[PDB]
Amino acid sequence: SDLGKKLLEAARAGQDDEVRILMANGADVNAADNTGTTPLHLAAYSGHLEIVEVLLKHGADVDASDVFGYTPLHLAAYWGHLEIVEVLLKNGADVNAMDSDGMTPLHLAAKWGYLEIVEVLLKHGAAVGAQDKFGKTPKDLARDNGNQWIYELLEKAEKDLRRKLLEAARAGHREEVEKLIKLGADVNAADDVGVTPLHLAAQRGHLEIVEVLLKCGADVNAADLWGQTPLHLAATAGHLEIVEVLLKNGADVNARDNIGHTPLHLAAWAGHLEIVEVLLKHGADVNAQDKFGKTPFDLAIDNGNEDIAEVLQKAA
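Residues numbered from 1 in each chain as written, not as in the entry; some residues may be left out. Heavy atoms only, no water.

- This deposited entry lists X-ray crystallography as its structure determination method and 2.400 Å as its resolution.

- In the annotation of the PDB entry, the protein chain is listed under the name DD_Off7_12_3G124 and assigned to synthetic construct.

Structural notes on the overall build of the protein chain
- For the protein chain, the helix and strand inventory stands at 19 helices and zero strands.
- Against the 2.2 N^0.38 benchmark of 20 Å for 316 residues, the protein chain shows a C-alpha radius of gyration of 28 Å, more extended than a compact globule.
- Out of the 316 residues in the protein chain, the part that is buried amounts to 48%.
- A separation of at least 24 residues holds for 66% of the contacts in the protein chain among residues at least 6 apart in sequence.
- For the protein chain, the accessible surface area stands at approximately 15,500 Å², while carbon and sulfur atoms represent 48% of it.
- In the protein chain, the 29 positive side-chain charges and the 50 negative ones have mean positions that sit 2 Å from each other. (Helix = DSSP H or I, 4+ residues; strand = E, 2+ residues; numbered from the N terminus. Rg over C-alpha atoms; globule rule 2.2 N^0.38 Å. Buried < 20%, exposed > 50% of the residue type's maximum accessible area, 1.4 Å probe, protein only. Contact = heavy atoms within 4.5 Å. Areas by Shrake-Rupley, 256 points an atom, 1.4 Å probe, with all protein chains shown as cover. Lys, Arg positive; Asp, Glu negative; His and termini not counted. Charge placed at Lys NZ, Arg CZ, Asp CG, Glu CD.)

Here we look at the nonpolar core
- Of all hydrophobic cores here, the largest spans 44 residues; its most connected members are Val210, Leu213, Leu246, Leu247 and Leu279.
- Discounting residues that sit within four places of it in the chain, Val210 has contacts with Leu198, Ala201, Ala202, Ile242, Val245 and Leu246.
- In terms of nonpolar packing, the next biggest core, distinct from the first, is built from 43 residues, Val85, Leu88, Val128 and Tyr151 among them. (Core = buried A, V, L, I, M, F, W, Y, C linked by side-chain atoms within 4.5 Å.)

Details of the pattern of salt bridges
- This model, assessed by the stated rule, comprises 10 salt bridges.
- In this structure, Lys6 and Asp2 form a salt bridge, with 2.4 Å as the shortest nitrogen-oxygen distance. Separated by four residues within a single helix, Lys6 and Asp2 lie in helix 1 (residues 2-13), roughly one turn from each other.
- One salt bridge connects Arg143 with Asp140, and the closest N-O pair in it is separated by 2.2 Å. (Salt bridge = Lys/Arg side-chain N within 4 Å of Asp/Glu carboxyl O.)

Concerning helix 14 (residues 230-237)
- Counting buried positions over the eight residues of helix 14 gives six, a clear majority of the element.
- The complete set of buried residues in helix 14 reads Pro230, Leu231, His232, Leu233, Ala234 and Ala235.
- The inward-facing, buried residues of helix 14 contact helix 12 (197-204), helix 15 (240-248), helix 16 (263-270) and helix 17 (273-281).

Looking at the packing of aromatic side chains
- This model, assessed by the stated rule, comprises five aromatic pairs.
- Look at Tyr45 and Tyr78: their rings are 6.4 Å apart centre to centre, the planes differ by 15°, and that puts the pair in the stacked class. One end of the pair, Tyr45, is in helix 3 (residues 39-46); the other, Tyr78, is in helix 5 (residues 72-79), and 33 residues separate them in sequence.
- Residue classification places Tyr45 among the partly exposed residues on the basis of a relative accessible area of 36%.
- A ring pair is formed by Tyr78 and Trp112, whose centres lie 5.7 Å apart and whose planes are at 75°; its orientation type is edge-to-face. Of this pair, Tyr78 sits in helix 5 while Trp112 sits in helix 7 (residues 105-112), and the two are 34 residues apart along the sequence. (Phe/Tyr/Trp six-rings, centres within 6.5 Å; stacked < 30°, edge-to-face > 60°.)

Considering the environment of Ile84
- Looking at where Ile84 falls in the secondary structure, it is placed in helix 6 (residues 82-90).
- Given the relative accessible area of 2%, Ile84 is considered buried.
- Through-space distance from the C-alpha of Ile84 to that of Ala44 is 6.5 Å; in sequence the pair is 40 residues apart.

Remarks on the packing of helix 17 against helix 19 (residues 306-314)
- Close contact between helix 17 and helix 19 brings their axes to 10 Å; oriented N to C, the two are set at 15°. Regarding the angle of helix 17 to helix 19, the classification is roughly parallel. The two elements helix 17 and helix 19 meet at a crossing, and its hand is right-handed. Here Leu273, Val276, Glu277 and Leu280 of helix 17 come into contact with helix 19, specifically with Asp307, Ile308, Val311 and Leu312. (Axes fitted to C-alpha atoms, helices over the stretch in contact; angles between N-to-C directions. Parallel < 35°, antiparallel > 145°, perpendicular 65-115°, else oblique. Left-handed = near helix turned anticlockwise from the far one by under 90°.)

A closer look at a negative patch on the surface
- A cluster of like negative charges, contributed by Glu50, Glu53, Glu83, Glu86, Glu116 and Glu119, occupies part of the molecular surface.
- Within the secondary structure layout, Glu53 lies in helix 4 (residues 49-57).
- Looking at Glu53, the relative accessible area reads 34%, which means it is partly exposed. (Patch = residues over 30% accessible without salt bridge, like charges linked within 9 Å, V, L, I, M, F, W, Y side chains within 5 Å.)

So, in structure tokens, the structure goes:
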């Protein structure tokens with residue numbers, strides 16, 4: 001198309017008048033190059049804020065991707081055009097769009113050292129844990145490119161993300177956790193005392209958070225400072241369903257904490273009968289005795305939970 005190429009060339013050169021005249025004469029605002037480049041791509045690439053706004057007003061696709069997968073936001077970040085980045089976000093640009101190599105706008109900003117653009121992409125929900133085709137994150141690219149201010153900025157964002165996923169698990173919000181998962185969250189990340197989101201989820205009974213994390217790759221046998229597998233914390237609080245899911249995904253029945261207790265101990269200590277039945281079905285060792293020399297039968301009789309001691313002897 002004749003008018004199309006002229007519009008592309010006008011947006012790149014920064015000729016607002018020609019841009020307006022060509023569109024006034026029927027030039028498609030979303031004209032496509034042979035590589036998929038649109039005039040918005042070239043205006044955002046060149047740093048022409050006025051043209052960018054003009055094109056968007058006339059219906060420019062804010063999320064157009066060329067053959068390599070770059071969007072106007074990729075290009076604005078690639079060249080460090082803060083004002084354009086903001087305008088593209090105001091107009092509904094996908095902050096977490098990925099090009100062919102897995103790079104997102106945050107990757108590019110972190111790679112080229114555009115601190116102010118990093119800050120803005122975060123404020124608008126940029127995925128901090130995204131990994132490109134080469135398994136590198138924006139923080140990895142800041143480190144490899146010697147952008148230390150951005151490195152510290154992104155490291156603190158990962159930490160803040162780590163605490164939110166702990167609260168959202170301790171609170172019980174699936175979709176609120178799921179948005180953090182899609183934001184690049186490390187489900188296997190723990191706090192200072194080795195407590196993961198799967199721990200706090202299995203302990204408080206905010207179910208279904210348990211299933212997603214295990215399907216995401218959360219280590220079922222993650223042990224905290226006290227050697228507690230999430231299966232331990234679920235046995236005490238008395239949440240049946242969670243017990244099956246963990247054992248359903250390779251959890252260990254004979255997992256021993258620092259004290260030497262297994263989920264069968266903690267279920268016989270508390271007084272949750274229906275728990276021990278499930279454990280016994282999975283070869284839960286009734287002979288296992290902790291460092292106190294006590295067996296799950298000893299704790300069943302110490303706390304006087306007779307119904308438990310009875311069934312423990314039938315299976316012993």
